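Chemist: I'm passing along work25.cif; it holds mmCIF, C-alpha atoms; chains and numbers go by the auth columns.
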data_run
#
loop_
_atom_site.group_PDB
_atom_site.id
_atom_site.type_symbol
_atom_site.label_atom_id
_atom_site.label_comp_id
_atom_site.label_asym_id
_atom_site.label_seq_id
_atom_site.Cartn_x
_atom_site.Cartn_y
_atom_site.Cartn_z
_atom_site.B_iso_or_equiv
_atom_site.auth_seq_id
_atom_site.auth_asym_id
ATOM 1 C CA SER A 1 9.183 -16.767 23.067 0.00 22 E
ATOM 2 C CA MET A 2 7.537 -14.543 25.565 0.00 23 E
ATOM 3 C CA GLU A 3 10.843 -12.607 25.918 0.00 24 E
ATOM 4 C CA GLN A 4 11.048 -11.904 22.111 0.00 25 E
ATOM 5 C CA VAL A 5 7.503 -10.521 22.295 0.00 26 E
ATOM 6 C CA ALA A 6 8.282 -8.294 25.331 0.00 27 E
ATOM 7 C CA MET A 7 11.358 -7.070 23.378 0.00 28 E
ATOM 8 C CA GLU A 8 9.168 -6.348 20.337 0.00 29 E
ATOM 9 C CA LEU A 9 6.612 -4.454 22.500 0.00 30 E
ATOM 10 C CA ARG A 10 9.552 -2.259 23.878 0.00 31 E
ATOM 11 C CA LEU A 11 10.673 -1.540 20.286 0.00 32 E
ATOM 12 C CA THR A 12 7.165 -0.658 19.252 0.00 33 E
ATOM 13 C CA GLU A 13 6.845 1.725 22.133 0.00 34 E
ATOM 14 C CA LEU A 14 10.256 3.289 21.373 0.00 35 E
ATOM 15 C CA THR A 15 9.057 3.653 17.776 0.00 36 E
ATOM 16 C CA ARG A 16 5.945 5.403 19.072 0.00 37 E
ATOM 17 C CA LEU A 17 8.007 7.829 21.150 0.00 38 E
ATOM 18 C CA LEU A 18 10.490 8.471 18.277 0.00 39 E
ATOM 19 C CA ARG A 19 7.604 9.143 15.899 0.00 40 E
ATOM 20 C CA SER A 20 6.390 11.882 18.263 0.00 41 E
ATOM 21 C CA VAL A 21 10.011 13.223 18.552 0.00 42 E
ATOM 22 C CA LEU A 22 10.359 13.204 14.738 0.00 43 E
ATOM 23 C CA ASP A 23 7.108 15.127 14.311 0.00 44 E
ATOM 24 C CA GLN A 24 8.249 17.706 16.850 0.00 45 E
ATOM 25 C CA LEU A 25 11.658 18.125 15.124 0.00 46 E
ATOM 26 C CA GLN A 26 10.098 18.379 11.699 0.00 47 E
ATOM 27 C CA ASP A 27 7.774 21.187 12.955 0.00 48 E
ATOM 28 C CA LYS A 28 10.944 23.157 13.572 0.00 49 E
ATOM 29 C CA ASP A 29 11.540 23.102 9.767 0.00 50 E
ATOM 30 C CA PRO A 30 8.481 24.960 8.536 0.00 51 E
ATOM 31 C CA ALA A 31 10.130 25.798 5.218 0.00 52 E
ATOM 32 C CA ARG A 32 10.534 22.026 4.544 0.00 53 E
ATOM 33 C CA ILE A 33 14.186 22.489 3.649 0.00 54 E
ATOM 34 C CA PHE A 34 14.972 19.103 5.215 0.00 55 E
ATOM 35 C CA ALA A 35 11.832 17.197 4.271 0.00 56 E
ATOM 36 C CA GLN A 36 13.181 15.204 1.317 0.00 57 E
ATOM 37 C CA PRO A 37 16.575 13.988 0.001 0.00 58 E
ATOM 38 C CA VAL A 38 18.715 16.467 -1.817 0.00 59 E
ATOM 39 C CA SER A 39 17.812 15.784 -5.507 0.00 60 E
ATOM 40 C CA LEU A 40 20.759 14.276 -7.467 0.00 61 E
ATOM 41 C CA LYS A 41 19.004 15.418 -10.640 0.00 62 E
ATOM 42 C CA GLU A 42 19.278 19.048 -9.401 0.00 63 E
ATOM 43 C CA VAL A 43 22.593 18.782 -7.427 0.00 64 E
ATOM 44 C CA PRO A 44 24.433 16.174 -9.525 0.00 65 E
ATOM 45 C CA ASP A 45 27.762 16.505 -7.645 0.00 66 E
ATOM 46 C CA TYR A 46 26.144 16.145 -4.181 0.00 67 E
ATOM 47 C CA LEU A 47 27.660 12.725 -3.345 0.00 68 E
ATOM 48 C CA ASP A 48 31.150 14.044 -4.109 0.00 69 E
ATOM 49 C CA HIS A 49 30.607 16.403 -1.110 0.00 70 E
ATOM 50 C CA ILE A 50 28.321 14.495 1.244 0.00 71 E
ATOM 51 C CA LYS A 51 28.952 10.825 1.818 0.00 72 E
ATOM 52 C CA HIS A 52 25.952 10.008 3.980 0.00 73 E
ATOM 53 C CA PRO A 53 22.908 12.055 2.860 0.00 74 E
ATOM 54 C CA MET A 54 19.976 12.275 5.201 0.00 75 E
ATOM 55 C CA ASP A 55 16.549 13.899 5.408 0.00 76 E
ATOM 56 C CA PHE A 56 13.268 13.596 7.308 0.00 77 E
ATOM 57 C CA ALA A 57 11.461 11.370 4.759 0.00 78 E
ATOM 58 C CA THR A 58 14.355 8.882 4.819 0.00 79 E
ATOM 59 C CA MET A 59 14.285 8.868 8.684 0.00 80 E
ATOM 60 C CA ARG A 60 10.569 8.322 8.598 0.00 81 E
ATOM 61 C CA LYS A 61 11.005 5.186 6.385 0.00 82 E
ATOM 62 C CA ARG A 62 13.555 3.778 8.782 0.00 83 E
ATOM 63 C CA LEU A 63 11.403 4.662 11.767 0.00 84 E
ATOM 64 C CA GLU A 64 8.294 2.913 10.351 0.00 85 E
ATOM 65 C CA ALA A 65 10.306 -0.227 9.638 0.00 86 E
ATOM 66 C CA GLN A 66 11.239 -0.088 13.388 0.00 87 E
ATOM 67 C CA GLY A 67 14.798 0.468 12.243 0.00 88 E
ATOM 68 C CA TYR A 68 15.958 2.626 15.164 0.00 89 E
ATOM 69 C CA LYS A 69 17.095 0.377 18.082 0.00 90 E
ATOM 70 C CA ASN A 70 17.749 3.253 20.491 0.00 91 E
ATOM 71 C CA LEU A 71 17.579 7.088 20.616 0.00 92 E
ATOM 72 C CA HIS A 72 21.331 7.337 19.855 0.00 93 E
ATOM 73 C CA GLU A 73 20.816 5.872 16.351 0.00 94 E
ATOM 74 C CA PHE A 74 17.925 8.319 15.709 0.00 95 E
ATOM 75 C CA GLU A 75 20.002 11.223 16.894 0.00 96 E
ATOM 76 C CA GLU A 76 22.821 10.188 14.611 0.00 97 E
ATOM 77 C CA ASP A 77 20.504 10.548 11.593 0.00 98 E
ATOM 78 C CA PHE A 78 19.126 13.908 12.826 0.00 99 E
ATOM 79 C CA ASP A 79 22.669 15.215 13.275 0.00 100 E
ATOM 80 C CA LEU A 80 23.521 14.103 9.696 0.00 101 E
ATOM 81 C CA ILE A 81 20.703 16.292 8.370 0.00 102 E
ATOM 82 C CA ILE A 82 22.169 19.346 10.146 0.00 103 E
ATOM 83 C CA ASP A 83 25.841 18.615 9.685 0.00 104 E
ATOM 84 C CA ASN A 84 25.567 17.762 5.939 0.00 105 E
ATOM 85 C CA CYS A 85 23.788 21.075 5.349 0.00 106 E
ATOM 86 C CA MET A 86 26.311 23.145 7.321 0.00 107 E
ATOM 87 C CA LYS A 87 29.128 21.669 5.185 0.00 108 E
ATOM 88 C CA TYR A 88 27.550 21.887 1.697 0.00 109 E
ATOM 89 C CA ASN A 89 26.061 25.323 2.168 0.00 110 E
ATOM 90 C CA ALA A 90 27.902 28.504 3.107 0.00 111 E
ATOM 91 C CA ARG A 91 27.179 30.422 6.324 0.00 112 E
ATOM 92 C CA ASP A 92 25.325 33.196 4.477 0.00 113 E
ATOM 93 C CA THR A 93 22.604 30.954 2.992 0.00 114 E
ATOM 94 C CA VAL A 94 19.033 30.308 3.943 0.00 115 E
ATOM 95 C CA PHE A 95 19.945 26.609 4.019 0.00 116 E
ATOM 96 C CA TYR A 96 22.780 26.894 6.554 0.00 117 E
ATOM 97 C CA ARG A 97 20.715 29.274 8.662 0.00 118 E
ATOM 98 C CA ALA A 98 17.770 26.851 8.621 0.00 119 E
ATOM 99 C CA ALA A 99 20.040 24.059 9.909 0.00 120 E
ATOM 100 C CA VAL A 100 21.346 26.224 12.783 0.00 121 E
ATOM 101 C CA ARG A 101 17.751 27.033 13.858 0.00 122 E
ATOM 102 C CA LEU A 102 16.737 23.355 13.584 0.00 123 E
ATOM 103 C CA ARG A 103 19.684 22.295 15.710 0.00 124 E
ATOM 104 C CA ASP A 104 18.989 24.950 18.332 0.00 125 E
ATOM 105 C CA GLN A 105 15.266 24.262 18.531 0.00 126 E
ATOM 106 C CA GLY A 106 15.650 20.482 18.313 0.00 127 E
ATOM 107 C CA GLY A 107 17.967 20.425 21.370 0.00 128 E
ATOM 108 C CA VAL A 108 15.063 21.043 23.746 0.00 129 E
ATOM 109 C CA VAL A 109 12.994 18.187 22.244 0.00 130 E
ATOM 110 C CA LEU A 110 15.944 15.779 22.270 0.00 131 E
ATOM 111 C CA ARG A 111 16.891 16.685 25.856 0.00 132 E
ATOM 112 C CA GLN A 112 13.474 15.566 27.131 0.00 133 E
ATOM 113 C CA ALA A 113 13.332 12.560 24.814 0.00 134 E
ATOM 114 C CA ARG A 114 16.532 11.214 26.421 0.00 135 E
ATOM 115 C CA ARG A 115 15.024 11.657 29.897 0.00 136 E
ATOM 116 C CA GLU A 116 11.810 9.813 28.717 0.00 137 E
ATOM 117 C CA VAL A 117 13.722 6.965 27.109 0.00 138 E
ATOM 118 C CA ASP A 118 15.808 6.388 30.292 0.00 139 E
ATOM 119 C CA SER A 119 12.780 6.966 32.582 0.00 140 E
ATOM 120 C CA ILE A 120 10.318 4.570 30.793 0.00 141 E
ATOM 121 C CA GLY A 121 13.346 2.289 30.039 0.00 142 E
#
Would you mind giving the structure from this file in C-alpha coordinates?

Modeler:
Amino acid sequence: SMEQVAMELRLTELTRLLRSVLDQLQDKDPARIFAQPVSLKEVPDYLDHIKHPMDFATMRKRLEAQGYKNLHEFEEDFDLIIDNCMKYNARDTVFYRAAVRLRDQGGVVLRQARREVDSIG
(Lines of atoms letter the chains of each structure in order from A and count residues from 1; the text may use other names and numbers.)
(Lines give C-alpha, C1' and ligand atoms only; values in the text may rest on other atoms or scores of the structure.)
Protein backbone atom coordinates (compact mmCIF):
# COMPACT_ATOMS: atom_id res chain seq x y z
CA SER A 1 0.00 0.00 0.00
CA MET A 2 0.81 3.64 -0.19
CA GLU A 3 0.42 3.85 3.63
CA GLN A 4 3.01 1.03 4.24
CA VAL A 5 5.44 2.95 2.03
CA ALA A 6 4.84 6.28 3.86
CA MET A 7 5.41 4.34 7.13
CA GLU A 8 8.65 2.89 5.73
CA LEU A 9 9.84 6.37 4.60
CA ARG A 10 9.20 7.66 8.24
CA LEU A 11 11.26 4.74 9.62
CA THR A 12 14.04 5.41 7.18
CA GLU A 13 14.14 9.03 8.18
CA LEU A 14 14.09 8.13 11.90
CA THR A 15 16.96 5.74 11.15
CA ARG A 16 18.81 8.62 9.48
CA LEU A 17 18.32 10.86 12.51
CA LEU A 18 19.29 8.07 14.98
CA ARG A 19 22.43 7.35 12.96
CA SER A 20 23.47 11.00 13.42
CA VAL A 21 22.57 10.77 17.18
CA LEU A 22 24.61 7.55 17.51
CA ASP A 23 27.63 9.15 15.85
CA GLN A 24 27.39 12.13 18.18
CA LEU A 25 27.13 9.88 21.28
CA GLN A 26 29.99 7.69 20.16
CA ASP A 27 32.22 10.81 19.74
CA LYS A 28 31.77 11.30 23.46
CA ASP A 29 33.66 7.99 23.98
CA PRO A 30 37.02 8.84 22.46
CA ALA A 31 38.76 6.04 24.34
CA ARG A 32 36.41 3.51 22.62
CA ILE A 33 35.59 1.88 25.94
CA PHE A 34 32.03 1.26 24.72
CA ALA A 35 32.71 0.52 21.06
CA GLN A 36 32.46 -3.28 21.14
CA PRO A 37 30.86 -6.00 23.33
CA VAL A 38 32.62 -6.92 26.50
CA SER A 39 34.71 -9.99 25.42
CA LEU A 40 33.48 -13.23 27.09
CA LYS A 41 36.89 -14.72 26.29
CA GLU A 42 38.51 -12.01 28.49
CA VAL A 43 35.68 -11.55 31.09
CA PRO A 44 34.30 -15.11 31.23
CA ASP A 45 31.92 -14.44 34.17
CA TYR A 46 30.41 -11.30 32.57
CA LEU A 47 26.92 -12.76 31.96
CA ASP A 48 26.67 -13.81 35.61
CA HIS A 49 26.78 -10.04 36.41
CA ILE A 50 25.16 -8.35 33.42
CA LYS A 51 22.06 -9.88 31.93
CA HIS A 52 21.61 -7.59 28.95
CA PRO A 53 25.02 -6.56 27.53
CA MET A 54 25.14 -3.65 25.17
CA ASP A 55 27.68 -1.62 23.19
CA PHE A 56 27.86 0.79 20.25
CA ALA A 57 28.64 -1.83 17.56
CA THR A 58 25.61 -3.89 18.61
CA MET A 59 23.40 -0.72 18.50
CA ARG A 60 24.76 0.08 15.09
CA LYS A 61 23.72 -3.39 13.77
CA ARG A 62 20.22 -2.92 15.10
CA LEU A 63 20.06 0.62 13.74
CA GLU A 64 21.11 -0.44 10.20
CA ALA A 65 18.48 -3.18 10.18
CA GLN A 66 15.98 -0.34 10.98
CA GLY A 67 15.41 -2.10 14.28
CA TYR A 68 14.65 0.98 16.39
CA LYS A 69 10.93 1.91 16.07
CA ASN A 70 11.18 5.08 18.16
CA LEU A 71 13.79 7.12 20.12
CA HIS A 72 12.70 5.46 23.41
CA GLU A 73 13.97 2.05 22.22
CA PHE A 74 17.31 3.61 21.15
CA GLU A 75 17.65 5.36 24.46
CA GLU A 76 16.99 2.13 26.28
CA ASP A 77 20.03 0.56 24.58
CA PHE A 78 22.22 3.63 25.25
CA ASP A 79 21.24 3.55 28.93
CA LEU A 80 22.18 -0.18 29.08
CA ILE A 81 25.70 0.68 27.94
CA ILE A 82 26.08 3.18 30.81
CA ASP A 83 24.19 1.31 33.49
CA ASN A 84 25.91 -2.08 32.84
CA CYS A 85 29.30 -0.38 33.18
CA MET A 86 28.42 1.46 36.40
CA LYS A 87 27.38 -1.87 37.97
CA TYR A 88 30.26 -4.12 36.82
CA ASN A 89 32.99 -1.59 37.45
CA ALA A 90 33.77 0.16 40.72
CA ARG A 91 33.53 3.95 41.12
CA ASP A 92 37.32 4.38 41.11
CA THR A 93 37.90 2.91 37.63
CA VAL A 94 38.53 4.46 34.27
CA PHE A 95 35.56 2.43 33.01
CA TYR A 96 33.00 3.76 35.50
CA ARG A 97 34.33 7.29 35.05
CA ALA A 98 34.04 6.97 31.26
CA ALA A 99 30.38 5.95 31.61
CA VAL A 100 29.59 8.95 33.86
CA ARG A 101 31.14 11.34 31.28
CA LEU A 102 29.27 9.62 28.42
CA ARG A 103 25.98 9.93 30.27
CA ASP A 104 26.58 13.58 31.11
CA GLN A 105 27.68 14.55 27.62
CA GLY A 106 25.08 12.40 25.87
CA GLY A 107 22.22 14.15 27.74
CA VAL A 108 22.58 17.29 25.62
CA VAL A 109 22.45 15.30 22.34
CA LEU A 110 19.46 13.23 23.49
CA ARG A 111 17.57 16.31 24.73
CA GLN A 112 17.62 17.85 21.24
CA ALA A 113 16.99 14.53 19.51
CA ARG A 114 13.70 14.19 21.43
CA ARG A 115 12.67 17.71 20.36
CA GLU A 116 13.56 16.83 16.68
CA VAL A 117 11.69 13.54 16.74
CA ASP A 118 8.51 15.21 18.13
CA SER A 119 8.95 18.29 15.88
CA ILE A 120 9.48 16.41 12.53
CA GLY A 121 7.00 13.75 13.83

Chemist: Evaluate the PyMOL selection byres ((chain E and resi 70) around 9) and record the selected residues as number ranges by chain, following the chain and residue labels used in the document.

Modeler: E: 66-69, 71-72, 105, 108-109

Chemist: Could you pull the residues within 8 Å of residue 40 of chain E, counting all atoms listed in the file, minus those fewer than 4 positions along the same chain, as number ranges by chain?

Modeler: E: 36, 44, 81, 84

Chemist: Write the residues of the preceding selection, restricted to C-alpha atoms, as a PDB file, in the frame of the given file.

Modeler:
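Result saved to selection-v2.pdb:
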ATOM      1  CA  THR E  36       9.057   3.653  17.776  1.00  0.00           C
ATOM      2  CA  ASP E  44       7.108  15.127  14.311  1.00  0.00           C
ATOM      3  CA  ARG E  81      10.569   8.322   8.598  1.00  0.00           C
ATOM      4  CA  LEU E  84      11.403   4.662  11.767  1.00  0.00           C
TER       5      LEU E  84
END

Chemist: What separation in Å, quoted to one decimal, exists between atom CA of residue 43 of chain E and atom CA of residue 77 of chain E?

Modeler: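 Pair atom CA of residue 43 of chain E / atom CA of residue 77 of chain E returns 8.0 Å.
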
Chemist: Tell me, in Å to one decimal, how far atom CA of residue 91 of chain E is from atom CA of residue 138 of chain E.

Modeler: 8.6 Å

Chemist: Please report the interatomic distance between atom CA of residue 51 of chain E and atom CA of residue 119 of chain E in Å with one decimal.

Modeler: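 Atom CA of residue 51 of chain E sits 9.5 Å away from atom CA of residue 119 of chain E.
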
Chemist: As a check of understanding, name the residues that the PyMOL selection byres ((chain E and resi 134) around 12) selects in the supplied structure, as a PyMOL selection string.

Modeler: chain E and resi 35+37-43+45-46+91-93+95-96+127-133+135-142

Chemist: Rank E:79, E:125, E:34, E:112 by their smallest atom-to-atom distance to residue 55 of chain E, using only C-alpha atoms, and report the top residue only.

Modeler: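 The closest residue to residue 55 of chain E is E:79.
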
Chemist: Pick out the closest residue to residue 73 of chain E from this set: E:53, E:47, E:59, E:101. Count all atoms listed in the file.

Modeler: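 Residue with the minimum atom-to-atom distance to residue 73 of chain E: E:101.
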
Chemist: Determine, counting only C-alpha atoms, which protein, DNA and RNA residues have an atom within 8 Å of an atom of residue 106 of chain E; residues of the same chain fewer than 3 positions away are not included. Present the result as a PyMOL selection string.

Modeler: chain E and resi 102-103+109-110+116-117+120

Chemist: As an mmCIF file, keeping the file's coordinate frame, please: segment 117-140 of chain E completed to N, CA and C atoms.

Modeler:
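Full text of result_29.cif as output:
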data_model
loop_
_atom_site.group_PDB
_atom_site.id
_atom_site.type_symbol
_atom_site.label_atom_id
_atom_site.label_comp_id
_atom_site.auth_asym_id
_atom_site.auth_seq_id
_atom_site.Cartn_x
_atom_site.Cartn_y
_atom_site.Cartn_z
ATOM 1 N N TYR E 117 21.958 27.007 5.347
ATOM 2 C CA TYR E 117 22.780 26.894 6.554
ATOM 3 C C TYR E 117 22.033 27.445 7.751
ATOM 4 N N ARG E 118 21.416 28.619 7.543
ATOM 5 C CA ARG E 118 20.715 29.274 8.662
ATOM 6 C C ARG E 118 19.558 28.391 9.169
ATOM 7 N N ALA E 119 18.872 27.716 8.251
ATOM 8 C CA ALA E 119 17.770 26.851 8.621
ATOM 9 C C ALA E 119 18.263 25.689 9.484
ATOM 10 N N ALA E 120 19.436 25.147 9.131
ATOM 11 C CA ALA E 120 20.040 24.059 9.909
ATOM 12 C C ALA E 120 20.414 24.513 11.307
ATOM 13 N N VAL E 121 21.005 25.725 11.442
ATOM 14 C CA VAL E 121 21.346 26.224 12.783
ATOM 15 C C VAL E 121 20.092 26.317 13.691
ATOM 16 N N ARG E 122 19.001 26.843 13.121
ATOM 17 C CA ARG E 122 17.751 27.033 13.858
ATOM 18 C C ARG E 122 17.124 25.703 14.213
ATOM 19 N N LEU E 123 17.206 24.740 13.292
ATOM 20 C CA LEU E 123 16.737 23.355 13.584
ATOM 21 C C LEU E 123 17.512 22.665 14.681
ATOM 22 N N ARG E 124 18.842 22.826 14.672
ATOM 23 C CA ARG E 124 19.684 22.295 15.710
ATOM 24 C C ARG E 124 19.320 22.931 17.068
ATOM 25 N N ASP E 125 19.212 24.246 17.077
ATOM 26 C CA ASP E 125 18.989 24.950 18.332
ATOM 27 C C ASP E 125 17.640 24.574 18.928
ATOM 28 N N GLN E 126 16.611 24.598 18.091
ATOM 29 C CA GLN E 126 15.266 24.262 18.531
ATOM 30 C C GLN E 126 15.055 22.798 18.806
ATOM 31 N N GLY E 127 15.794 21.928 18.127
ATOM 32 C CA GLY E 127 15.650 20.482 18.313
ATOM 33 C C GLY E 127 16.224 20.032 19.643
ATOM 34 N N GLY E 128 17.224 20.772 20.143
ATOM 35 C CA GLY E 128 17.967 20.425 21.370
ATOM 36 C C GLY E 128 17.069 20.203 22.550
ATOM 37 N N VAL E 129 16.079 21.082 22.685
ATOM 38 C CA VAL E 129 15.063 21.043 23.746
ATOM 39 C C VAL E 129 14.248 19.736 23.705
ATOM 40 N N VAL E 130 13.830 19.362 22.502
ATOM 41 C CA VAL E 130 12.994 18.187 22.244
ATOM 42 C C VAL E 130 13.798 16.933 22.555
ATOM 43 N N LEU E 131 15.032 16.914 22.072
ATOM 44 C CA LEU E 131 15.944 15.779 22.270
ATOM 45 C C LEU E 131 16.424 15.598 23.735
ATOM 46 N N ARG E 132 16.603 16.706 24.435
ATOM 47 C CA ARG E 132 16.891 16.685 25.856
ATOM 48 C C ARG E 132 15.818 15.927 26.660
ATOM 49 N N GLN E 133 14.537 16.200 26.396
ATOM 50 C CA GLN E 133 13.474 15.566 27.131
ATOM 51 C C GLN E 133 13.220 14.123 26.641
ATOM 52 N N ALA E 134 13.427 13.889 25.350
ATOM 53 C CA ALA E 134 13.332 12.560 24.814
ATOM 54 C C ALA E 134 14.319 11.629 25.500
ATOM 55 N N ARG E 135 15.553 12.062 25.740
ATOM 56 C CA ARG E 135 16.532 11.214 26.421
ATOM 57 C C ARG E 135 16.087 10.860 27.855
ATOM 58 N N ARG E 136 15.556 11.853 28.562
ATOM 59 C CA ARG E 136 15.024 11.657 29.897
ATOM 60 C C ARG E 136 13.872 10.629 29.852
ATOM 61 N N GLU E 137 12.961 10.739 28.863
ATOM 62 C CA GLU E 137 11.810 9.813 28.717
ATOM 63 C C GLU E 137 12.211 8.387 28.355
ATOM 64 N N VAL E 138 13.217 8.264 27.501
ATOM 65 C CA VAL E 138 13.722 6.965 27.109
ATOM 66 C C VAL E 138 14.364 6.210 28.278
ATOM 67 N N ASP E 139 15.228 6.896 29.027
ATOM 68 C CA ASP E 139 15.808 6.388 30.292
ATOM 69 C C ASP E 139 14.743 6.095 31.366
ATOM 70 N N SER E 140 13.870 7.075 31.597
ATOM 71 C CA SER E 140 12.780 6.966 32.582
ATOM 72 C C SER E 140 11.877 5.740 32.312
#
